[PDB]
Number of protein chains: 2
Amino acid sequence: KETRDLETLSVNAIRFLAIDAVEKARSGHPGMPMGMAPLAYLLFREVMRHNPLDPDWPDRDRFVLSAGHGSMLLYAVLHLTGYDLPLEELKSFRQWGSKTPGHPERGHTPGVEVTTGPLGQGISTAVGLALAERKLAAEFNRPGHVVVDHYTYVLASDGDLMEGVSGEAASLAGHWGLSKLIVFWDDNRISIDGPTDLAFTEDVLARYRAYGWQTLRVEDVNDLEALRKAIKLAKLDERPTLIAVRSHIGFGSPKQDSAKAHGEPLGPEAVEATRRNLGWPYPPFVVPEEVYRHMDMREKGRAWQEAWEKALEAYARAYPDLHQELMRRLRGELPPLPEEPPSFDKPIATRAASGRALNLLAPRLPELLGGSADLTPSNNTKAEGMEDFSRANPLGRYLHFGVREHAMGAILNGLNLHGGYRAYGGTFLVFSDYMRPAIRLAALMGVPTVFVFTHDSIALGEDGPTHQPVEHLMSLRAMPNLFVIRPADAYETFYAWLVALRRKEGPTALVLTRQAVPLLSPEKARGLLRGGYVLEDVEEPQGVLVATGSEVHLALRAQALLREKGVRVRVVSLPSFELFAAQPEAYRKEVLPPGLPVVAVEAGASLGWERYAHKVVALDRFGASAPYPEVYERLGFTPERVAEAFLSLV
Amino acid sequence: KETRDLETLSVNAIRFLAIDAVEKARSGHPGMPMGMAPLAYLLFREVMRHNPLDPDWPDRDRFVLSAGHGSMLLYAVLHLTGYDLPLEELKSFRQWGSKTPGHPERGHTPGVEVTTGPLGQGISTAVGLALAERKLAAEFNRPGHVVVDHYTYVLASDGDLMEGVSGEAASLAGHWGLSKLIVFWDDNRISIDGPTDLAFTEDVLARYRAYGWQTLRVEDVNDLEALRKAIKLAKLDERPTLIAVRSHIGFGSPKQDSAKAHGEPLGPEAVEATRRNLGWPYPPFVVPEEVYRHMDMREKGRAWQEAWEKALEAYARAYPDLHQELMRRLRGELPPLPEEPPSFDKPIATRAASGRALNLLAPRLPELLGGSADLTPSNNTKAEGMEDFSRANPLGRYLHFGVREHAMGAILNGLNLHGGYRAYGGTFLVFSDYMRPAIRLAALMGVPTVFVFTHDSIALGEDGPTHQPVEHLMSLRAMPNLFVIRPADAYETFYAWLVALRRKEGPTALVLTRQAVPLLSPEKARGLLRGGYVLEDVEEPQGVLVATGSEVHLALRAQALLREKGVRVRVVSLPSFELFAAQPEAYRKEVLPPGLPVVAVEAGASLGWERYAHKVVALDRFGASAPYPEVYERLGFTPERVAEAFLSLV
Ligand SMILES: Cc1ncc(C[n+]2csc(CCOP(=O)(O)OP(=O)(O)O)c2C)c(N)n1
Ligand SMILES: Cc1ncc(C[n+]2csc(CCOP(=O)(O)OP(=O)(O)O)c2C)c(N)n1
Ligand SMILES: [Ca+2]
Ligand SMILES: [Ca+2]
């Protein structure tokens, strides 16, 4: 009973820290933390190896709160187990500048592994984390030197499992046989709209079994022995595991089993009743020293990490080259990058130039993983020397995501979050729309995921308007902390990859053609490193043609038509708006002189071009199913129209 | 033996029209049409009730080609059955201005029900087609008067079934019990990357059974009796059915069961080898009169439609008032609508004003269907008078989509395509990212879906940066054929709903606040009908503050702030860029006088504002977890910052 009592006291400490933090904030989600407190207790106190003094310990188990609304469950248990998350931060839940935002933010709170809140993201990203652990173990573990060994745990809600992305990621995790991915589903039969049976009556565990997962059930979350057994059963199984855990949202309160418990403070009445019902004599934010002593993980964390560091030292002696490579990759340190582009001797699509740059870069980047959402021969993402990842071949650095852009985005993010890898994946730019929430989450977390987008324009031709981007470029450019690089040619494409790989602050979208475009000079194209540059200057510029990607070549042909009529314009290549705006004002003004009329050319929406141009040759309608170059010309992309647009300003 | 010959002959005419059209285009996808010809034969010749003479017959069975790449399968069979699709259009497959674009485009080809090509869209949109038939049948059918009675057939590929949207949509179709939805999956074990077992080994039919679908197997697509069998089994069942149909991609060619058959022309050798293996003597685009006569559905089509026309007249006699409402709704005519807004007395969020507008509008609009992706209490999308749709209550006009924005998008499109309904659904503006391809597919098709998006800015407060839109407004405004209306207040919100309901050309996004904002004059707010208007003029304006939604109120505060220092600016409300752009230039230049310095104010990305403004008070970073008004103020939306930005111009 004193074991039981201390378990029950510690669990209620989790419940009441969450209840009282929501109440003081008058904002947040007390209901799921109230139900799931026992699981958070069990993971952080007994099951997981982790170090509250070093949240970045590379061999820690990873916990993902996919059900991010339940943030106070995680803050309470970080606080109680000795992470640097003081009580004062729990009393500033949801307040400006606090380490306790409404939804978990990786980088803002120690021990937060993934930014969650958008449902389906945590559970999907966790497939990446587990795939990262599996592949790094395969790469580095040696007989008697187990240097990579950790689990990926997830707490997911009904919402997570309704989102298509979680089903895409689950199909892949099962295909991949990721045995160390263990997901707990809070089966509490309640969602925001009320009872789940308004919208959600599928056989969830039957679906997960169809994906090749193990399913287990725990009939009462409050029964710690039933949770321990299910977890031990999960660790013996070669399949990823979903454990259905029945709970009562708002457990112990008069809002128990109600959607009203989901998303608003309990109120003083229901807080007083929960106190009485659960036998909690402690006032707000007071937890007795007994629980803190019981929950302190600082000493077990120190000992776990020290045992790992001692295992690393024996590794460094038995295998110094492996050890040095592991430490370099775990630190996120790139090796020296080539400064010389590949050799091009004829026109080539920027997708193929991209495949050529990867052939150069991959052999010198063992951390570099590639893939495609079933567009491998269309995206040029499988570098020479890369082989397919599979259960049978855990060392392959190439991932077949299938027709799953969204889960591809989430898995790339998890691969990039874990440490050890740098991952890119490919699809068509139009199908960036299938993965937007994963692109935004990489931007929010500052995760340098590289998104490769081919078939960037109407120039892709016959596949027609459902495949032809229009709004895509400006829709991505508007997103904070996303570089969008649209190389004009094979040479720009090489510099675009160096920019993307060296950018650690957030994601990069690489935007590439299907159709072949001419070469530029390798010396001129290095200007991509400044985001925008003068490609072809003239004496006493009367104006500027500014262009991106494929349209730079249209711009150069228009520069010749104007030069034949005695009008002198320079051509600026603007491969990246973001990298150009980061340049000194003096540089930006040298490139685009104040007072000179400017025409922009880009086969995409015009909205945003007024930032740089007085007139734009752009596409503000959907495309057409026709061959290139006819479709391009008849939708207005001719050098005669760029010229005419320039002559209208002078 | 001679029936059999005419079936084999008609099936091969479908294969060779597909092969030869792809060959002449030198572009497209011969492989899936080759395998699936038997199915196309059977649907269009025997199973389906359709009229080639009238593709708009409202009681026709609907066929959705979800696997849009296989467009020539549909084009061949529409041609063969006597649809208005001449041989000359097949000869112009994927050519400029042709009626045979590379992917099916609704309104460009007679008998094409949905624009497809983005995988997952057709199978998902089909759920809305089936939901509309089911509800219209419940609303209008009377004893001895079946005026609504038709099936929704889908052809889907592996790629459709890996896409998470198809899982979301299948979960809802099984929950809803949509028995007359019948999906055929081309189980050919090939995708673009090679064998499906590179990335796709789940038990698909076990997953579909977990959704509450019937699942059937046809071991050989060429066995027409097995197909007839499965379809009869589907029509007897009270569940949506998935029929796994095994086929060889590139059936009868040297490229059979190869990814090479997927997406390029067979080439001359493989064409010649296919004519031999299948014993097809006829040169390209030649089909024997024998087949045209067997496949001609014009007589049976007219007979089916006249029978329905007869039953409608009999309905008009028995049920004059129902018949009138049905015909009005089938034609998409609005009944008269209230002309004055709800009466408001206090500060109110535009989400609550939207709820008040729907309470006024819905009772006049029996066609109007509402919904939310599990945010019903947050989005104010359940009008007073609406009840939940469910299998037991097929008459409810309110749809609980659960946490499925993407399938909600597609289902709304299905409902709005079918005829008889106008459908809207709500989520938070940030979660438009989860449904973007269905938003784009509404804009491509010109389907007037109304997307309700609340929680439009950092002003939503504590839920933090994962919930707070930044890029979303401009990301949506860049998209062709989408109105984005961001009403300033309760009164603008009523006119926004009128604008959306009356716009039939394409979709409308209504963008609404979480937080209360003040009321404007009822009469002033009518200016929303012109997209942009002068809200508060002054004498001899020295400049303009232009603003949208909530920031209109910040702009009036900044106007008053500037007047207290002798500076006179007008305030323009720009609730819609697209409706303002559509006004005469003379109006636009009355609203924004050339020469006058313009400061814009919007709590979203700056990119795009240069089209209207010289300086923009905007947000180009992710938000923060803190209460409103503090979060809005500390991120730089103050009257002092707006005045400061105008004084840095004047
Ligand atoms: C993609 C996405 N759509 C919508 C929401 C809004 N939202 C937050 S919590 C939630 C669902 C709550 O139900 P459940 O996930 O079962 O949570 P519980 O209250 O049972 O923990 C919703 C719809 C979201 N967070 N993410
Ligand atoms: C959402 C989406 N992502 C990617 C594509 C590109 N694409 C077109 S067809 C296809 C898959 C082809 O495999 P499958 O669907 O099995 O077709 P099959 O060759 O068997 O007809 C792909 C990835 C697409 N059309 N839509
Ligand atoms: Ca729940
Ligand atoms: Ca296939």
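The rules behind the values
Sequence-order numbering is used: residues on each chain count from 1 as written, possibly diverging from the entry numbering, and only residues with coordinates are shown. Labels follow written order: the first chain is A, the first ligand is 1, and so on. Water and hydrogen atoms play no part in the side-chain values, which are based on all heavy atoms of the structure. UniProt positions are given in the numbering used here, feature names are shortened, and annotations may be inferred rather than shown by experiment. Paired rings are identified among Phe, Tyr and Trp, the last through its six-membered ring, by centres lying within 6.5 Å, and are further divided according to the angle between planes into stacked (under 30 degrees), edge-to-face (over 60) and tilted (the rest). Helix and strand assignments come from DSSP, with helices taken as H or I runs of at least 4 residues and strands as E runs of at least 2, each series counted from the N terminus. For the exposure calls, accessible area comes from a 1.4 Å probe over protein chains only, and a residue counts as buried if that area is under 20% of its type's maximum, exposed if over 50%, partly exposed in between. Geometrically, a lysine NZ or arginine CZ counts as sitting over a ring once it is within 6 Å of the ring centre and also within 35 degrees of the ring normal. In this analysis, two residues are considered to be in contact whenever any of their non-hydrogen atoms come within 4.5 Å of each other. Buried area: the accessible area, evaluated with a 1.4 Å probe, that two parts lose upon being put together, summed over both parts. We define a salt bridge as a contact between a side-chain nitrogen of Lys or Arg and a carboxyl oxygen of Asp or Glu at a distance within 4 Å. A cutoff of 4 Å decides nearness: a residue is near a molecule or strand if any of its heavy atoms lies inside that distance of it. Contacts described as polar in this section are N or O atom pairs within 3.5 Å, which, within protein, must combine one atom able to donate a hydrogen with one able to accept it, while residues neighboring in sequence count only if both atoms come from side chains. For every accessible area listed, the method is Shrake-Rupley and the probe measures 1.4 Å; residues are considered covered only by the protein chains on display. Only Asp, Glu, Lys and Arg are considered charged, only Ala, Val, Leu, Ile, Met, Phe, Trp, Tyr, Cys and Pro nonpolar, and every remaining residue, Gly among them, polar. Just so you know, the copies are superposed with least squares on the C-alpha atoms alone. A helix is expected to span 1.5 Å for every residue after the first.

Method information in the entry identifies X-ray crystallography as the source of the structure, with 2.010 Å recorded as the resolution.

In the nomenclature of the PDB entry, chain A is known as Transketolase of Thermus thermophilus HB8. The record lists the entry's title as "X-ray structure of Thermus thermophilus HB8 transketorase in complex with TPP and MES". Taken directly from UniProt, the Catalytic activity (unreviewed entry) text for chain A runs: "D-sedoheptulose 7-phosphate + D-glyceraldehyde 3-phosphate = aldehydo-D-ribose 5-phosphate + D-xylulose 5-phosphate".

A. Region of interest: the packing of aromatic side chains. All chains considered together, the criterion is met by 47 aromatic pairs over all chains. With a centroid separation of 5.3 Å and an interplanar angle of 85 degrees, the aromatic rings of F344 of chain A and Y491 of chain A are classed as edge-to-face. Of this pair, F344 of chain A sits in the loop between α13 (320–330) and α14 (350–361) while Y491 of chain A is found in helix α19 (residues 490–502), placing the two residues 147 residues apart along the sequence. By the burial criterion, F344 of chain A is buried, and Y491 of chain A matches it. Measuring from centroid to centroid gives 5.6 Å for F44 of chain B and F63 of chain B, while their planes differ by 80 degrees, and the two rings are edge-to-face. With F44 of chain B in helix α2 (residues 31–47) and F63 of chain B in strand β1 (residues 62–65), the pair connects residues that are 19 residues apart, well separated along the chain. Of the two residues examined, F44 of chain B and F63 of chain B, each falls in the buried class. Chaining the aromatic ring pairs together yields one cluster made of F577, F580, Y587, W609 and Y612 of chain A. Taking the ring centre of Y151 of chain B as reference, the NZ or CZ of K180 of chain B above it sits at 5.3 Å.

B. Representation of the interface of chain B and chain A. Contact residues are listed per partner, giving 94 residues for chain B and 93 residues for chain A. Note on chain B versus chain A: buried area summed over both sides is about 7800 Å², and carbon and sulfur give 59% of it. The interface formed by chain B and chain A holds eight salt bridges in total. Here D463 of chain A ties to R94 of chain B by a salt bridge, and the two come within 2.8 Å at their closest N and O atoms.

C. Geometry of the site of ligand 2. In the vicinity of ligand 2 lie 22 residues, with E405 of chain A together with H69, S157, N188 and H262 of chain B positioned nearest. Each of chains A and B places residues near ligand 2. Backbone polar atom of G117 of chain B to a nitrogen atom of ligand 2: 2.8 Å apart, as the coordinates give it. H262 of chain B places a polar side-chain atom, nitrogen or oxygen, 2.5 Å from an oxygen atom of ligand 2. The fraction of the free accessible surface of ligand 2 (590 Å²) that becomes covered by protein chains is 98%. Elements represented by at least two residues in the shell around ligand 2 include exactly α6 (158–162) and β4 (190–191) of chain B. When the residues that make up the shell around ligand 2 are grouped by side-chain class, the tally is 10 nonpolar, eight polar and four charged.

D. Fine view of the relation of the copies chain B and chain A. The two copies are related by a screw operation: chain B maps onto chain A through 180 degrees of rotation and 0.1 Å of translation along the axis, at an RMSD of 0.3 Å. The two molecules are tied by a two-fold rotation axis, judged by turn and shift.

E. View of helix α21 (residues 551–563) of chain B. End to end, α21 of chain B covers 18 Å across 13 residues, agreeing with the expected 18 Å (1.5 Å per residue, within 8%). Those residues of α21 of chain B that are buried are in contact with β14 (533–536), β15 (544–547), β16 (570–573), β17 (598–601), α24 (630–634) and α25 (639–647) of chain B.

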